[PDB]
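Presented below is the structure to which this report refers.
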Amino acid sequence: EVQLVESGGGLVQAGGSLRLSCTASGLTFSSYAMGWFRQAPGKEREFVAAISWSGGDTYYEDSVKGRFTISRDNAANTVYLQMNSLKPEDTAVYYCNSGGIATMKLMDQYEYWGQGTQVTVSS
Amino acid sequence: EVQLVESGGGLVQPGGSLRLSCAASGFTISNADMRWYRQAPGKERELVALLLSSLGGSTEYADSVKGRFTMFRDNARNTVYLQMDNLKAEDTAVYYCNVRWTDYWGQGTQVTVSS
Amino acid sequence: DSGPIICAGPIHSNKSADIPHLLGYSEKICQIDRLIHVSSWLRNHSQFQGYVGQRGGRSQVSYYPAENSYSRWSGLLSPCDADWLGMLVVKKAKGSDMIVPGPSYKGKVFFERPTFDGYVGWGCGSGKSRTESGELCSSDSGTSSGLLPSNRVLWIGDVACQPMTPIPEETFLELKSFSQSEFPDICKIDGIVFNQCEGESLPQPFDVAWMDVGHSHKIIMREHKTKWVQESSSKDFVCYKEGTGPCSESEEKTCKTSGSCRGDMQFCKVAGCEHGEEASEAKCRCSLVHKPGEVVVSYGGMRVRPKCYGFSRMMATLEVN
């Protein structure tokens, strides 16, 4: 009955900045390690970022390491993802999920997905 | 003190019927879970039938004797029975009366099923 | 429920796949996460083939009671987890072992409870499942595919196992004297001879706090004040790769001793991290397990650190006159 509905999309311009949020309910936030995933149009899902329970350990995709910053707030059960220096190639629907700190890149154990937020960047 | 007597065994052709008995002295079966055991010659023991007075008095049988063994208890005569039906030659063993979670055991009776 | 420590739930394909013995501590933690230890235990003892914890992992293992204080802390190790790490051994159940009533035993394949002597685990054979009593294995089409979900595993008690600092015999005998003075109305616990008694009642369920300082038998207490302390030793850190899985022996030893592996700040002061460049995907990274530390118990005057501190269900024979 895990229900993690996210928000933060829009049509930000090239080089813009947007902040996404994902509220997780029905599951212990402070123990799960959350991650953000993307979906380019007409393509499968890719791992983007992850964060440990304490918020001290994060990893990114190599192409997006230069800008993104994922931080978590255990008080209101939200996981965030700063989007700095956007590029036109970042147009994708961002899905917030959870489960495991190491076994995160492989997108095979992921039952179910959030509604997702559509983020599109115009040149 | 606690003594369980065991009786009711004997010889019987396959497909017969027989009823065992197990008197309990020093305590009441109305509030004690009871198990029936059997040890065929040359091999170890295993559960046969349980009357879990702690689970609402529900009877319960092993898959090997299910559909052929019936277990029930009446508190008036302080005895527990095991009605056996459609006995095959595989059931020739010595049957024990054992109180759950304790080492009180019966002396054992021989039930032989053969032609 | 708590989260996985390292790895998410397994997705098993071949039910006869061999379970290797990986030396890495983080690899052992990942195996614990995927309920590989319970699968290997069932294979070794109960003639079982396949895996438990399929698609669910360790997060959704059944507990008795459902509300468990130590379950919500992922880093706290259960007796089975301690078994996979070599701390203790979970024995195969014998005829004399007692199965506590109250838990829902229908459909379970494995369930363990901490006894007054050691730790006992019951397991059902392949293609079989425990009945409602918990005393019998019966045929079941559900546990036939060879892959079973985590709801088939039951763990009894609010147990937490940890590294133990050894204590001498005099302290143990003083603690036993305190326990026997504090429990004058108990004669037998799980068939192990407690204080002398000429009159034995029927065994009854008994919920009581206990510790496993480590000797002939456990110590059960009624009054106690348990404190938690964080030492941030090498056991409190688990090192993993970027997204693939846990690191091997060599990488783990490199990061945990040489101090050239980046991670979080706690690991940075405890051991030392790598700084400067950031393209270290191959290099391992280490974080701290989500546990409140190790329990120090202040019971019977002088205070001790137990091996396992828990609140489980045992069997007691009360005194009669």
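Just so we're on the same page: first chain in the structure tokens is A, next is B, and so on; residues restart at 1 for each chain, and ligands are numbered from 1 in the order they show up.
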
Please identify all polymer residues within 9 Å of residue 102 of chain C, counting only C-alpha atoms, omitting same-chain residues fewer than 6 positions from it, and present them as a short mmCIF file (atom, residue, chain, number, x, y, z; two decimals) with N, CA and C atoms, in the first residue's frame.
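For reference, around.cif as written:
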```cif
data_model
loop_
_atom_site.label_atom_id
_atom_site.label_comp_id
_atom_site.auth_asym_id
_atom_site.auth_seq_id
_atom_site.Cartn_x
_atom_site.Cartn_y
_atom_site.Cartn_z
N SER B 54 -5.38 -25.43 23.52
CA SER B 54 -5.02 -24.02 23.55
C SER B 54 -5.41 -23.28 22.28
N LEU B 55 -5.82 -23.99 21.23
CA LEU B 55 -6.31 -23.38 20.00
C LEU B 55 -7.80 -23.63 19.82
N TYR C 64 6.44 -12.06 15.62
CA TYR C 64 5.44 -12.22 16.68
C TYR C 64 5.91 -11.50 17.94
N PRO C 205 2.96 -20.23 28.48
CA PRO C 205 3.72 -19.18 27.79
C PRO C 205 4.23 -18.14 28.77
#
```

Using only C-alpha atoms, find the residues of chain A whose closest atom to chain C is at most 7 Å away, then write them as JSON, numbers by chain.
{"A": [27, 28, 31, 32, 56, 57, 59, 99, 100, 101, 102, 103, 104, 105, 106, 109]}

I want to know what sits within 6 Å of segment 77-93 of chain C, based on only C-alpha atoms, with residues of the same chain fewer than 5 positions away left out; could you give that as a ChimeraX atom specification?
/C:37,119-122,159-161

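Every protein, DNA or RNA residue with an atom at most 7 Å from residue 80 of chain B, where only C-alpha atoms count and chain neighbours fewer than 4 positions away do not, is listed here: residues 21, 22, 23, 72, 73 and 74 of chain B.
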
Let's have the selection written as a PDB file, in the first residue's frame, with N, CA and C atoms.
```pdb
ATOM      1  N   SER B  21      -7.089 -45.819  23.675  1.00  0.00           N
ATOM      2  CA  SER B  21      -7.468 -45.049  24.848  1.00  0.00           C
ATOM      3  C   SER B  21      -6.206 -44.652  25.597  1.00  0.00           C
ATOM      4  N   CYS B  22      -6.296 -43.550  26.340  1.00  0.00           N
ATOM      5  CA  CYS B  22      -5.141 -43.015  27.058  1.00  0.00           C
ATOM      6  C   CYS B  22      -5.663 -42.236  28.261  1.00  0.00           C
ATOM      7  N   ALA B  23      -5.641 -42.869  29.429  1.00  0.00           N
ATOM      8  CA  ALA B  23      -6.116 -42.219  30.641  1.00  0.00           C
ATOM      9  C   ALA B  23      -5.061 -41.265  31.172  1.00  0.00           C
ATOM     10  N   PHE B  72     -10.417 -37.489  19.314  1.00  0.00           N
ATOM     11  CA  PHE B  72     -11.324 -36.676  20.109  1.00  0.00           C
ATOM     12  C   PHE B  72     -11.149 -37.018  21.580  1.00  0.00           C
ATOM     13  N   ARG B  73     -11.690 -36.153  22.437  1.00  0.00           N
ATOM     14  CA  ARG B  73     -11.559 -36.309  23.877  1.00  0.00           C
ATOM     15  C   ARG B  73     -12.862 -35.946  24.571  1.00  0.00           C
ATOM     16  N   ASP B  74     -13.195 -36.698  25.615  1.00  0.00           N
ATOM     17  CA  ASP B  74     -14.281 -36.354  26.519  1.00  0.00           C
ATOM     18  C   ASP B  74     -13.709 -36.247  27.923  1.00  0.00           C
TER      19      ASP B  74
END
```

Can I get the residues of chain B within 7 Å of chain C, each with the closest pair of atoms and their distance in Å to one decimal, using only C-alpha atoms, sorted chain first then ascending number, as CSV?
```
residue,atom,partner,partner_atom,distance
B:62,CA,C:136,CA,6.6
B:63,CA,C:138,CA,5.6
B:101,CA,C:98,CA,5.2
```

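The shell of residues at most 12 Å from residue 146 of chain C, with only C-alpha atoms counted and near chain neighbours (fewer than 4 positions) removed, consists of residues 12, 13, 14, 15, 16, 17, 39, 43, 48, 49, 50, 51, 52, 53, 54, 109, 125, 126, 127, 128, 140, 141 and 142 of chain C.
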
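For segment 70-80 of chain A, the set of protein, DNA and RNA residues having any atom at most 6 Å away, when counting only C-alpha atoms and skipping those fewer than 3 positions along the same chain, is residues 20, 21, 22, 23 and 24 of chain A.
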
Between B:24, B:99, B:49, B:40, which residue has the minimum interatomic distance to residue 70 of chain B, considering only C-alpha atoms?
B:49
